[PDB]
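Q: Below is the file my_file22.cif, with mmCIF, C-alpha atoms.
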```
data_my_file
loop_
_atom_site.label_atom_id
_atom_site.label_comp_id
_atom_site.auth_asym_id
_atom_site.auth_seq_id
_atom_site.Cartn_x
_atom_site.Cartn_y
_atom_site.Cartn_z
CA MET A 1 -14.42 -1.11 -10.03
CA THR A 2 -15.76 -4.21 -8.14
CA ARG A 3 -14.25 -3.43 -4.65
CA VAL A 4 -13.22 -6.07 -1.97
CA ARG A 5 -11.79 -5.43 1.58
CA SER A 6 -9.60 -7.77 3.79
CA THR A 7 -7.46 -7.67 7.04
CA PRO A 8 -3.61 -8.28 7.54
CA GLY A 9 -3.52 -12.00 8.54
CA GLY A 10 -6.92 -13.32 7.35
CA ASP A 11 -8.06 -14.81 3.98
CA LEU A 12 -8.82 -12.98 0.67
CA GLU A 13 -11.98 -14.16 -1.23
CA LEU A 14 -13.05 -12.22 -4.41
CA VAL A 15 -16.58 -13.33 -5.54
CA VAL A 16 -17.91 -11.54 -8.70
CA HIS A 17 -21.51 -11.14 -9.99
CA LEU A 18 -20.56 -9.56 -13.36
CA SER A 19 -22.61 -9.84 -16.66
CA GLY A 20 -20.10 -12.28 -18.32
CA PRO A 21 -20.34 -16.08 -19.30
CA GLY A 22 -18.09 -19.10 -18.35
CA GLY A 23 -15.29 -17.91 -20.68
CA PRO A 24 -12.91 -19.22 -19.29
CA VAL A 25 -12.80 -15.87 -17.35
CA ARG A 26 -9.17 -14.97 -16.31
CA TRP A 27 -7.89 -13.57 -12.99
CA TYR A 28 -4.96 -11.06 -13.08
CA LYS A 29 -2.94 -9.38 -10.26
CA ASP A 30 -0.69 -6.26 -10.73
CA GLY A 31 -0.74 -6.99 -14.54
CA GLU A 32 0.02 -10.79 -14.52
CA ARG A 33 -2.63 -13.60 -14.38
CA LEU A 34 -2.95 -16.11 -11.43
CA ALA A 35 -2.93 -19.97 -11.80
CA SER A 36 -4.72 -22.58 -9.56
CA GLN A 37 -2.13 -22.79 -6.70
CA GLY A 38 -2.31 -24.45 -3.18
CA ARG A 39 -2.85 -20.92 -1.69
CA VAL A 40 -4.75 -19.60 -4.82
CA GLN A 41 -8.12 -21.51 -4.68
CA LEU A 42 -9.97 -20.69 -7.99
CA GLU A 43 -13.68 -21.37 -8.84
CA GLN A 44 -15.30 -20.78 -12.30
CA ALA A 45 -19.17 -20.53 -12.55
CA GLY A 46 -19.26 -17.70 -15.19
CA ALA A 47 -21.55 -15.10 -13.49
CA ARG A 48 -19.70 -16.15 -10.25
CA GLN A 49 -15.84 -16.10 -10.40
CA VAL A 50 -13.99 -16.78 -7.09
CA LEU A 51 -10.28 -15.94 -6.43
CA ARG A 52 -9.15 -17.10 -2.91
CA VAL A 53 -5.62 -16.13 -1.71
CA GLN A 54 -4.69 -17.83 1.63
CA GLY A 55 -2.97 -15.26 3.94
CA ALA A 56 -3.82 -11.64 2.92
CA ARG A 57 -0.98 -9.38 4.36
CA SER A 58 0.90 -7.09 1.84
CA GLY A 59 1.59 -8.52 -1.69
CA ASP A 60 -1.99 -9.96 -1.68
CA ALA A 61 -3.32 -6.32 -1.70
CA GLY A 62 -3.57 -4.75 -5.17
CA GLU A 63 -5.67 -4.31 -8.34
CA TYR A 64 -7.01 -7.65 -9.71
CA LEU A 65 -8.63 -8.08 -13.19
CA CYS A 66 -11.59 -10.51 -13.57
CA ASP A 67 -11.39 -10.64 -17.42
CA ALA A 68 -14.89 -11.77 -18.59
CA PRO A 69 -15.19 -12.21 -22.52
CA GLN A 70 -17.70 -9.29 -22.87
CA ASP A 71 -17.57 -7.71 -19.35
CA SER A 72 -13.92 -7.51 -18.01
CA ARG A 73 -13.84 -5.74 -14.52
CA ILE A 74 -11.06 -4.52 -12.14
CA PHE A 75 -11.07 -5.33 -8.37
CA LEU A 76 -9.94 -2.59 -5.93
CA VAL A 77 -8.58 -5.02 -3.27
CA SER A 78 -7.17 -3.42 -0.08
CA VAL A 79 -5.77 -5.43 2.85
CA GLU A 80 -6.36 -2.86 5.66
CA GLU A 81 -7.82 -2.42 9.23
CA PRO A 82 -5.01 -4.00 11.53
#
```
Please, can you express the file's structure as structure tokens?
A:
Amino acid sequence: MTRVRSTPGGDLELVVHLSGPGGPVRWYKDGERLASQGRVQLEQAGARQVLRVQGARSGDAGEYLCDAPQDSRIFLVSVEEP
């Protein structure tokens, strides 16, 4: 799994370099997909997918799914290190 690490109070930026195209590639969290929100800053470049959650504390930690058409990968995202 494509692992990312954050701290309780900072920002959460997930940048992928998977083997998938533009798609559109989807972002999931705890089973349910994320939409382009004021706190959820998305970017779609295919081989580079960016999910940015503003304010990584508790509910922002979890397993994400960067669902590429041919190359769907899970993110082990832990908000840790006080």
Q: Excluding residue A:64 and residues on its chain fewer than 4 positions from it, collect all residues at most 9 Å away from it, counting all atoms listed in the file, and give them as a PyMOL selection string.
A: chain A and resi 27-31+33+73-77
Q: Between A:38, A:16, A:23, A:62, single out the one closest to residue A:50, counting only C-alpha atoms.
A: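 Checking each of A:38, A:16, A:23, A:62 against residue A:50, counting only C-alpha atoms, the winner is A:16.
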Q: Please compute the atom CA of residue A:9-atom CA of residue A:44 distance, one decimal, in Å.
A: 25.5 Å
Q: For residue A:71, which of A:14, A:56, A:34, A:1 is the closest residue, counting all atoms listed in the file?
A: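 The closest residue to residue A:71 is A:1.
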Q: Here is a test: counting only C-alpha atoms, which residue of A:60, A:43, A:32, A:80 is nearest to residue A:15?
A: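 Distance minimum relative to residue A:15 lands on A:43.
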Q: Atom CA of residue A:46 to atom CA of residue A:8: how many Å, to one decimal?
A: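 Between atom CA of residue A:46 and atom CA of residue A:8 the gap is 29.2 Å.
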Q: Using the chain letters and numbers from the file, give me the residues hit by the PyMOL selection byres ((chain A and resi 40) around 9), as a short mmCIF file (atom, residue, chain, number, x, y, z; two decimals) with C-alpha atoms, in the frame of the given file.
A:
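Dumped to part-v3.cif:
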```
data_model
loop_
_atom_site.label_atom_id
_atom_site.label_comp_id
_atom_site.auth_asym_id
_atom_site.auth_seq_id
_atom_site.Cartn_x
_atom_site.Cartn_y
_atom_site.Cartn_z
CA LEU A 34 -2.95 -16.11 -11.43
CA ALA A 35 -2.93 -19.97 -11.80
CA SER A 36 -4.72 -22.58 -9.56
CA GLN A 37 -2.13 -22.79 -6.70
CA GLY A 38 -2.31 -24.45 -3.18
CA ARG A 39 -2.85 -20.92 -1.69
CA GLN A 41 -8.12 -21.51 -4.68
CA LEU A 42 -9.97 -20.69 -7.99
CA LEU A 51 -10.28 -15.94 -6.43
CA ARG A 52 -9.15 -17.10 -2.91
CA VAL A 53 -5.62 -16.13 -1.71
CA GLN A 54 -4.69 -17.83 1.63
#
```
Q: Apply the PyMOL selection byres ((chain A and resi 18) around 10) to the displayed file and report the matching residues as a ChimeraX atom specification.
A: /A:2,15-17,19-21,46-49,66,68,70-73
Q: For stretch 22-61 of chain A, write C-alpha atoms out as a compact mmCIF listing (two decimals), in the first residue's frame.
A:
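Full text of selection.txt as output:
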```
# COMPACT_ATOMS: atom_id res chain seq x y z
CA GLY A 22 -6.26 10.33 -16.14
CA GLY A 23 -9.38 8.19 -15.53
CA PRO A 24 -11.00 10.15 -13.85
CA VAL A 25 -9.16 8.42 -10.91
CA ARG A 26 -11.36 8.41 -7.71
CA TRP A 27 -10.33 9.11 -4.09
CA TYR A 28 -12.07 7.10 -1.29
CA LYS A 29 -11.83 7.33 2.55
CA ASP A 30 -13.02 4.58 4.99
CA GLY A 31 -15.10 3.10 2.07
CA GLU A 32 -16.78 6.33 0.74
CA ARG A 33 -15.34 8.63 -2.01
CA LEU A 34 -14.31 12.33 -1.40
CA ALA A 35 -15.59 15.35 -3.46
CA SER A 36 -13.74 18.68 -4.21
CA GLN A 37 -14.48 20.54 -0.90
CA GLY A 38 -13.03 23.84 0.57
CA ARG A 39 -10.84 21.67 2.91
CA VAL A 40 -10.49 18.76 0.35
CA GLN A 41 -8.20 20.28 -2.39
CA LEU A 42 -8.12 17.70 -5.29
CA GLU A 43 -5.72 17.62 -8.30
CA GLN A 44 -5.96 15.16 -11.28
CA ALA A 45 -2.86 14.63 -13.55
CA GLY A 46 -3.31 10.82 -14.03
CA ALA A 47 0.14 9.47 -13.00
CA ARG A 48 -0.03 12.20 -10.25
CA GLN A 49 -3.25 12.26 -8.11
CA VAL A 50 -3.29 14.72 -5.15
CA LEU A 51 -5.75 14.56 -2.18
CA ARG A 52 -5.23 17.50 0.28
CA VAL A 53 -7.24 17.52 3.57
CA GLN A 54 -6.80 20.81 5.54
CA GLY A 55 -6.32 20.00 9.28
CA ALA A 56 -5.11 16.38 9.81
CA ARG A 57 -6.08 15.41 13.47
CA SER A 58 -8.23 12.20 13.94
CA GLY A 59 -10.97 11.51 11.30
CA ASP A 60 -8.45 12.55 8.57
CA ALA A 61 -6.35 9.43 9.50
```
